[PDB]
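A.B. asks: Please read through the structure below; I'll follow up with questions.
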Amino acid sequence: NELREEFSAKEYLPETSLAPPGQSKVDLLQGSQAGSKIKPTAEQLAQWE
Amino acid sequence: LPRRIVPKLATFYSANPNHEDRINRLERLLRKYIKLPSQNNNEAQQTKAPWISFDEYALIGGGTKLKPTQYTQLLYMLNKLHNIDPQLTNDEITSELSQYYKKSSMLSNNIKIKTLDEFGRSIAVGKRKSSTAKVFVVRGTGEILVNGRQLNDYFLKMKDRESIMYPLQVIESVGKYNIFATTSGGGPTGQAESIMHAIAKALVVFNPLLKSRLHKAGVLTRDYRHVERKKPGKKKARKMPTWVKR
Amino acid sequence: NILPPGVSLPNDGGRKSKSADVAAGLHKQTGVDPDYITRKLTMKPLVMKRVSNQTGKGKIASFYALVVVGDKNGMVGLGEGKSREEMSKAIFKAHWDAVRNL
Amino acid sequence: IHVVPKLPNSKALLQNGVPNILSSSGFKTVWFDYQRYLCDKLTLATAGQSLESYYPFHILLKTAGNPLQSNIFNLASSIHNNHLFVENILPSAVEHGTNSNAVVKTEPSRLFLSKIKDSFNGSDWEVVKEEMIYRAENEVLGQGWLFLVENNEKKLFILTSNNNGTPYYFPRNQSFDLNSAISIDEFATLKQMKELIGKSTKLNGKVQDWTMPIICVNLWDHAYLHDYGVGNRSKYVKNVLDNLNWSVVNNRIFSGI
Amino acid sequence: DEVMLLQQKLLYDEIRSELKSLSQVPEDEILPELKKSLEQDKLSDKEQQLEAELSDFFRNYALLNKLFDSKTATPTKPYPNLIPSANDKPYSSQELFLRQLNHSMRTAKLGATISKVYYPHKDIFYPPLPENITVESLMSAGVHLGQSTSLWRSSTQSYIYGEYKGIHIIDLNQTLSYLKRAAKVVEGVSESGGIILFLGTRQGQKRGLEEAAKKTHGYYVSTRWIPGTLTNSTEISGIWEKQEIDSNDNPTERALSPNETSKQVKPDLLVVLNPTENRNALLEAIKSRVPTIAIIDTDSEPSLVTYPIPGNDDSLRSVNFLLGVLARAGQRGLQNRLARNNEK
Amino acid sequence: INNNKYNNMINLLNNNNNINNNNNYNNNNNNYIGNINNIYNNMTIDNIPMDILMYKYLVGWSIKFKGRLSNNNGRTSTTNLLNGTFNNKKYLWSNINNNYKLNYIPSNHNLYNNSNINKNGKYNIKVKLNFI
Amino acid sequence: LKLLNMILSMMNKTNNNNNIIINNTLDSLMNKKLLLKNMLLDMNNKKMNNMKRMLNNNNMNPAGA
RNA sequence: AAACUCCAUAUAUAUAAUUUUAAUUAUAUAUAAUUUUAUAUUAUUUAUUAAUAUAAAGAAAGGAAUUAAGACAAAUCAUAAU
Ligand SMILES: [Mg+2]
Ligand SMILES: [Mg+2]
Ligand SMILES: [Mg+2]
Ligand SMILES: [Mg+2]
Ligand SMILES: [Mg+2]
Ligand SMILES: [Mg+2]
Ligand SMILES: [Mg+2]
Ligand SMILES: [Mg+2]
Ligand SMILES: [Mg+2]
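Chains as they are written, first to last, in the deposited numbering: chain L, 51 to 99; chain V, 33 to 278; chain D, 104 to 205; chain G, 8 to 264; chain C, 40 to 111, 123 to 394; chain H, 267 to 398; chain Y, 3 to 67.
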């Protein structure tokens with residue numbers, strides 16, 4: 051109910067109406083896991099080092 | 033009530049009025065806010081503004097008369113206004129720099145990161161000269177097969193075997209992978225070198241952060257060298273018949 | 104029709120006086136009015152001749168025309184023009200210059 | 008040319024000196040004289056030099072490093088500190104003499120009191136005044152200045168300058184009289200200051216510091232000698248803080264907005 | 040109120056770490072243990088109601104919503131994006147800077163006000179009216195220092211007061227007379243509503259030109275003069291667009307026919323600060339019938355310019371001082387015109 | 267034209283009458299975005315085709331009269347009349363690329379020559395035209 | 003049921019990998035005010051990918067841009 | 001002139017019931033580079049810069065066609081035509 055009421059205070063995009071705590075009213079992103087990618091498992095890091 | 037025709041820009045009689053007025057507007061902003069010092073140590077809030085290319089600026093600024101010095105001064109002044117700690121900037125600076133930011137971002141897709149297949153083997157295809165080679169690399173012991181035959185039977189020259197093994201040697205993993213080469217086309221060296229290139233490509237799937245080591249080793253670059261066509265009026269390409277002075 | 108923007112449909116040009124073209128052009132560049140040039144100015148050439156310069160290609164012939172323009176009321180101008188295409192163009196440039204040099 | 012600033016309600020001050028602080032004659036001794044003297048000496052010092060285009064605060068900052076340019080620094084520091092003192096004791100900055108709105112009264116701001124609570128050991132303002140007078144008497148033998156400053160750390164200290172030493176620059180505070188014997192800890196602090204200035208790599212041998220002041224009380228004998236005779240300096244300062252113009256003071260506190 | 044924001048600023052990052060951690064957690068390990076729990080984990084409470092409400096919440100906020108939307123005042127707080135430091139934490143660099151400004155506006159002024167001192171910027175922003183120009187003011191500006199004797203052009207013999215220390219000294223009574231004449235020629239043209247062009251190409255003059263042009267609603271060229279700008283206008287300046295303005299110098303926001311744009315606009319007055327280098331500009335003006343004003347040194351030819359102003363041309367202070375007087379006169383003319391057309 | 271079509275895609279897919287949603291669009295392989303009507307809204311036969319037609323205007327043309335035309339001492343003469351420009355400006359700025367007809371003729375160029383016989387011999391009139 | 007088992011597990015592992023036994027930790031409502039927010043924005047990112055992929059798949063325009 | 005162009009190169013999509021097989025291929029469309037970034041050592045109009053090296057991001061390195069105006073009264077009346 052309170053989440054719905056918070057959305058009632060806005061009549062715009064889902065991201066803008068969401069009001070994330072870290073601001074970022076627009077969260078445009080291209081691709082999947084562009085920055086995080088896949089974490090190098092332990093043996094890969096050890097081999098690289 | 034009387035009306036008369038006058039130019040837009042105060043620089044209408046200058047060489048390049050458009051660029052001059054844009055720089056004038058930027059200079060007014062830069063001198064109205066001579067305070068608000070620059071950013072601290074960089075690498076945290078820099079190298080994020082793409083600005084605008086020479087061509088993209090010309091269509092809105094100097095155009096044909098756009099000068100290299102004019103562009104350098106423009107970007108220099110844009111950088112100076114960008115280099116203000118964000119928690120003191122105001123809407124005027126940001127609003128004026130919005131135009132020069134431009135929607136430089138371009139959507140990207142179709143990456144298709146390579147992954148191990150159902151049997152845990154990496155499949156890659158290299159090439160050289162007239163050759164091709166599809167290689168299945170799966171972890172194990174240092175066993176290799178070319179077209180179903182042994183390495184020594186297929187490749188008499190030991191240099192071809194050394195080239196094939198180099199990728200597995202750049203990274204010290206010579207005795208940890210099983211190679212199943214299926215080269216076709218060209219002669220022995222082209223086949224061997226296409227196998228080596230395919231092996232280097234296949235090893236990346238196993239440890240993606242080993243790409244640079246291979247790239248610096250030069251095994252990840254494709255050898256574009258190939259036979260050049262026999263030119264019409266002369267002998268075998270780049271050779272001519274004897275030329276007689278008299 | 105496929106007339107592109109910024110261009111005008113051609114009309115009578117053979118019977119359109121070159122004086123009108125000179126008057127329109129001069130008004131475009133300078134502030135002179137066209138009506139005075141067309142009406143109260145008189146054209147009469149003075150020196151028409153073929154002038155030749157030779158280059159590596161060969162002799163290059165140019166038409167040199169010198170004309171005067173006046174109102175028979177106090178103003179007179181002198182103008183010379185050169186052209187290789189034809190002598191009518193040379194007279195056009197001379198008429199242009201002379202009206203400029205009143 | 009440096010000219011003495013025009014003070015508000017100047018007729019009132021000329022007729023009688025700041026009430027509860029100095030008599031007409033005394034005020035004429037500090038302001039309206041010895042201030043024109045200060046300005047004239049400074050102008051004669053910097054006339055025809057690039058320093059004559061700057062204000063006393065800026066010249067004293069520029070001069071701190073130079074050893075043998077100290078006369079100008081000394082002159083400028085005196086001028087700046089003196090006007091600070093006059094402003095913070097001015098009966099009313101607003102020119103309401105014609106309006107006769109004597110109802111105006113000045114009280115400390117709640118933020119200012121909160122800052123006192125944070126500083127020292129959370130003592131009351133009256134205790135601060137008492138101990139401030141205490142130190143003024145005990146570690147300023149000749150003339151000097153009494154400062155309640157604020158540092159970058161957001162903590163008020165009391166600077167006992169023994170001369171025209173601006174709080175702005177701790178290398179030039181002149182807080183310890185070396186002519187008399189000095190304690191071990193004070194000498195240790197002095198050596199630490201030696202090291203801190205030595206650390207600076209700037210060609211002019213300068214060091215960052217903010218420490219801008221909030222309260223100024225003149226300790227030069229140009230102020231109390233006449234009104235408070237001699238040895239009564241403690242009573243002079245006591246009455247000075249009693250009727251201190253608070254509006255300017257609490258404004259000197261960074262409002263944070 | 041601040042309690043919500045004081046909990047590690049942006050809290051709930053632990054859930055983000057956890058969902059990131061399970062992103063790499065294979066599904067084959069946890070799916071078996073939870074797929075069969077559905078048939079036995081209903082337990083008590085209104086399961087039908089909560090599932091239906093969640094489905095409606097999903098439909099109306101994740102599946103049926105305007106993701107892309109459509110198509111796409124009062125400076126209450128300066129530095130609106132500042133992040134104030136904590137009460138216990140000390141000042142930050144930015145709060146220190148604002149505190150510096152707070153002290154700077156008034157406290158730094160404490161001491162002795164300055165008088166009888168020359169501030170260069172005041173020669174552009176606060177120029178004096180021609181009527182109250184004194185010979186001493188010109189001499190302080192340095193307009194009296196001509197070029198060396200070895201460079202003298204004899205055509206300017208009447209303008210020079212003598213030679214001192216190897217340079218010719220310009221008479222300043224004459225400079226003042228010519229300057230006032232030129233100044234109110236500019237004022238008259240500005241009141242008439244003409245176009246005033248300010249030309250100067252020496253280094254460091256741009257600030258004066260720009261300021262003068264904006265005060266007089268005129269135009270300036272700090273870049274190099276382009277040959278043919280006036281005689282070959284259609285070819286040079288024919289590509290840049292103009293506007294129609296009313297008696298109040300307010301644009302009419304009306305489109306212009308191609309013939310109107312292609313016409314030529316001719317300055318009604320040209321002011322040149324270095325007539326020795328911009329000779330072609332002077333010759334274009336003389337040929338195109340445009341009155342000109344120029345600063346004439348002991349090296350320039352006074353007969354090229356309609357309204358000479360004998361003075362030094364190689365010093366920024368002198369040209370700025372002269373140009374400031376001219377700009378102020380033009381500004382006064384503009385104000386008079388605006389007053390007249392606002393009220394007759 | 268491209269922007270108009272792209273906006274039509276975004277508007278159509280964002281709303282689609284607010285009925286079709288994920289798991290219903292068949293995002294695996296199907297690409298049916300919506301009704302054909304909105305795909306080409308305000309994109310019809312009366313605005314699109316004429317303004318995308320190429321080789322409309324003749325900007326440059328040259329004629330060459332080579333032969334024994336002039337009755338000079340007996341030599342030959344060539345007269346050339348080059349008017350306009352002979353390069354297409356919409357091929358190096360935009361993204362369309364020029365195609366070389368028969369691998370040796372720029373598409374924008376239409377050229378031909380015809381011969382004949384006069385009292386003196388044979389002459390040739392060579393005409394080359396550029397159509398932007 | 004609309005699954006909701008994954009909901010229970012994520013609440014169970016909310017404090018996992020940081021500390022097994024922790025109290026509410028001054029949360030809004032046992033960590034639900036901004037949890038649905040994160041789920042919603044993740045789903046929005048999925049739909050953003052859906053938008054781009056379908057746009058690319060159906061993209062066809064005349065050349066000469 | 002350069003660029004667009006073609007052979008070749010890297011990648012994406014589509015087609016092929018993998019008995020016309022080779023899919024390690026064929027050929028249609030598109031993208032890519034006349035590479036970018038950073039650092040330093042240089043001479044300089046002072047980074048409002050060039051070459052020297054380094055680094056890291058890249059698959060990225062070639063060939064073909066096109067040979068202007070004029071001159072050689074160069075060759076061709078045996079390609080053909082007058
Ligand atoms: Mg060969
Ligand atoms: Mg001079
Ligand atoms: Mg096969
Ligand atoms: Mg070429
Ligand atoms: Mg040739
Ligand atoms: Mg030659
Ligand atoms: Mg022969
Ligand atoms: Mg024969
Ligand atoms: Mg024959």
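A virtual CB, placed ideally from N, CA and C, is assigned to each residue, including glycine.
Among residues of its own chain, excluding the 5 on either side of residue 183 of chain V, which ones have a beta-carbon nearer than 7 Å to its beta-carbon?
C.D. replies: Hits under 7 Å: 176 and 193.
A.B. asks: Would you grab the beta carbon distance between residue 94 of chain G and residue 151 of chain C for me? Rounded to a whole angstrom, and I think it's under 8 Å.
C.D. replies: Their Cβ separation, rounded to whole angstroms, is 19 Å, which puts residue 94 of chain G and residue 151 of chain C out of contact at 8 Å.
A.B. asks: Residue 137 of chain V by DSSP, collapsed to three states: which one?
C.D. replies: Correct three-state label for residue 137 of chain V: coil.
A.B. asks: Could you name the residues of the same chain whose beta carbon sits closer than 7 Å to that of residue 378 of chain H, not counting the 5 residues immediately before and after it, in chain order?
C.D. replies: Counting only Cβ-Cβ distances below 7 Å, and skipping sequence neighbours, we find 393.
A.B. asks: Any residues in the stretch 71–105 of chain C with a beta carbon nearer than 7 Å to a beta carbon of chain Y? Which ones, in chain order?
C.D. replies: Here the close residues are 73, 76, 77, 80, 81, 86, 90, 93, 94, 100 and 101.
A.B. asks: Can you look up residue 111 of chain D in the DSSP assignment and give me helix, strand or coil?
C.D. replies: In the structure shown, residue 111 of chain D sits in coil (DSSP, three-state: anything other than H, G, I, E or B).
A.B. asks: At which residue ranges does the stretch 216–267 of chain C contain complete alpha helix (DSSP H) runs of 4 or more residues, listed in the order of the chain?
C.D. replies: Within the stretch 216–267 of chain C, the complete alpha helix (DSSP H) runs of at least 4 residues are 222–242 and 256–265.
A.B. asks: What are the boundary residues of the alpha helix (DSSP H) that includes residue 314 of chain H?
C.D. replies: Residue 314 of chain H -> alpha helix (DSSP H) spans 314–318.
A.B. asks: Nearest-angstrom Cα distance between residue 137 of chain D and residue 144 of chain D?
C.D. replies: C-alpha separation (whole angstroms): 11 Å.
A.B. asks: Is it the case that the CB of residue 87 of chain V approaches a heavy atom of ligand 2 more closely than 7 Å?
C.D. replies: Flag unset: Cβ of residue 87 of chain V not near ligand 2.
A.B. asks: Which residue marks the beginning of the beta strand (DSSP E) containing residue 375 of chain H, and which one marks its end?
C.D. replies: Residue 375 of chain H -> beta strand (DSSP E) spans 375–384.
A.B. asks: Tell me whether residue 266 of chain V, by its Cβ, gets closer than 7 Å to a heavy atom of ligand 1.
C.D. replies: No, the Cβ of residue 266 of chain V stays beyond 7 Å of every heavy atom of ligand 1.
A.B. asks: Output the boundary residues of the beta strand (DSSP E) element that contains residue 145 of chain D.
C.D. replies: Its beta strand (DSSP E) spans residues 145–157.
A.B. asks: For residue 197 of chain D, which residues in the same chain have their Cβ closer than 8 Å to its Cβ, ignoring the five residues on either side in sequence?
C.D. replies: Hits under 8 Å: 148, 168, 169, 170, 182, 183 and 184.
A.B. asks: Where are the beta strand (DSSP E) runs, 3 residues long or more, that stay fully inside the stretch 155–203 of chain C, in chain order?
C.D. replies: As far as the stretch 155–203 of chain C is concerned, its whole beta strand (DSSP E) runs of at least 3 residues are 195–198.
A.B. asks: Classify residue 111 of chain G as buried or exposed, calling it buried when 16 or more other Cβ atoms lie within 10 Å of its own Cβ.
C.D. replies: Exposed, since its Cβ has fewer than 16 Cβ neighbours within 10 Å.
A.B. asks: How do the stretch 154–163 of chain G and the stretch 132–143 of chain C stand: do at least 3 beta-carbon pairs fall below 8 Å, yes or no?
C.D. replies: Touching, yes.
A.B. asks: Drop a sphere of 10 angstroms on the beta-carbon of residue 347 of chain C, count the other beta-carbons inside from all chains shown, and report buried for 16 or more, exposed for fewer.
C.D. replies: So residue 347 of chain C ends up on the buried side.
A.B. asks: Tell me the residue span of the beta strand (DSSP E) that contains residue 175 of chain G.
C.D. replies: First-last for residue 175 of chain G: undefined, no H or E at that position.
A.B. asks: Mapping the DSSP letters down to three states, classify residue 98 of chain L as helix, strand or coil.
C.D. replies: Three-state DSSP puts residue 98 of chain L in a helix.
A.B. asks: What residues in the stretch 314–332 of chain C bring their beta carbon closer than 7 Å to a beta carbon of chain D?
C.D. replies: Going along the stretch 314–332 of chain C in chain order, one finds 314 and 316 with a Cβ nearer than 7 Å to chain D.
A.B. asks: Give me the residue from Y:41, Y:67 and Y:57 with the minimum Cα distance to residue 64 of chain L.
C.D. replies: Ranking Y:41, Y:67 and Y:57 by Cα distance to residue 64 of chain L puts Y:41 first.
A.B. asks: Residue 309 of chain C to residue 284 of chain C, Cα distance in whole Å?
C.D. replies: Whole-angstrom Cα-Cα distance: 11 Å.
A.B. asks: Cβ closer than 8 Å: which chain Y residues qualify as neighbours of residue 65 of chain L?
C.D. replies: Here the neighbours are 43 and 46.
A.B. asks: Relative to ligand 2, what is the chain-ordered list of residues with a Cβ closer than 5 Å to any of its non-hydrogen atoms?
C.D. replies: Chain-ordered list of matching residues: C:347, C:363 and C:364.
A.B. asks: What residue from V:48, V:125, V:197 and V:111 has the CA that sits closest to residue 289 of chain C's CA?
C.D. replies: With distances taken between Cα atoms, residue 289 of chain C lies closest to V:48.
A.B. asks: Would residue 367 of chain C and residue 250 of chain C qualify as a contact pair, given that the criterion is a beta-carbon distance under 8 Å?
C.D. replies: No.
A.B. asks: Look at residue 288 of chain H and residue 49 of chain Y and say whether their C-beta atoms are less than 8 Å apart.
C.D. replies: Yes; because the gap between Cβ atoms is below 8 Å, this pair is in contact.
A.B. asks: If the cut-off is 9 Å on Cβ atoms, which residues from the stretch 105–127 of chain D count as contacting chain C, listed in chain order?
C.D. replies: Answer set for the stretch 105–127 of chain D: 109.
A.B. asks: Interface residues of chain L around residue 239 of chain V at Cβ under 9 Å?
C.D. replies: In chain order: 90, 93, 94, 97 and 98.
A.B. asks: Compare the beta carbon distance of residue 249 of chain V and residue 206 of chain V with 8 Å and say whether it is the shorter of the two.
C.D. replies: Not closer than 8 Å, so no.
A.B. asks: Mind checking who residue 186 of chain D pairs with in its DSSP beta bridge?
C.D. replies: DSSP, once it has assigned bridges, lists D:166 as partnering residue 186 of chain D.
A.B. asks: Count the other CB atoms within 10 Å of the CB of residue 186 of chain G; is the residue buried (16 or more) or exposed (fewer)?
C.D. replies: The residue in question, residue 186 of chain G, is exposed, as its Cβ has fewer than 16 Cβ neighbours within 10 Å.
A.B. asks: Hey, would you say residue 110 of chain V sits closer than 8 Å to residue 132 of chain V, going by beta carbons?
C.D. replies: Yes; because the gap between Cβ atoms is below 8 Å, this pair is in contact.
A.B. asks: Please confirm if residue 49 of chain C has its CB atom under 8 Å from at least one CB of chain L.
C.D. replies: Yes, residue 49 of chain C lies at the interface with chain L (some Cβ there is under 8 Å from its Cβ).
A.B. asks: Which value, in whole angstroms, describes the spacing of the CA atoms of residue 314 of chain H and residue 376 of chain H?
C.D. replies: When rounded, the distance between both Cα atoms is 26 Å.
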